[PDB]
């Protein structure tokens, strides 16, 4: 089955566990480029009662650095917030739990904003079909394909 974090039949426990950053996308491309703060390689999600604990690494000159953050439930079901390089809110518009997870995030920093979209896989890669479904979801949010970066060959340390 497939679900959205904002949908009535969402089962948050089913996103617990291993994940990998497959593709990232943004209407501010710099954020996810080589040295951007949002070029974040997911490793794990730990589902807690009213939060998610997100385990990431970043890469600078081919060296991995670990970082964790805690995303808290907001007043709206399926939305989470987290402070990281500004104030962030996010939802999971589509996941099948067992293969892929698609996130949509709004960042706000210094009075500005941008959108980030992420495609996460249980394995270090996903099928071209899923990758295409992600590109479609990006289009629905006004993010061009040229702003979509497949990171499936640089998601390892």
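Numbering follows the first chain given and starts at 1.
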### Task
With reference to the PDB entry, specify whether the mean Cα temperature factor is higher for 70 to 78 or for 83 to 91.
70 to 78
### Task
Mind pulling up the entry and telling me whether 119 to 127 or 47 to 55 has the higher mean Cα temperature factor?
47 to 55
### Task
Among 101, 64, 105, 32, single out the one with the highest C-alpha B factor in the record, please.
64
### Query
Between 39, 60, 28, 109, which carries the biggest CA temperature factor in the record?
60
### Task
Determine, from the deposited record, the chain-internal third of the Cα B-factor for residue 21: lowest, middle or highest.
lowest
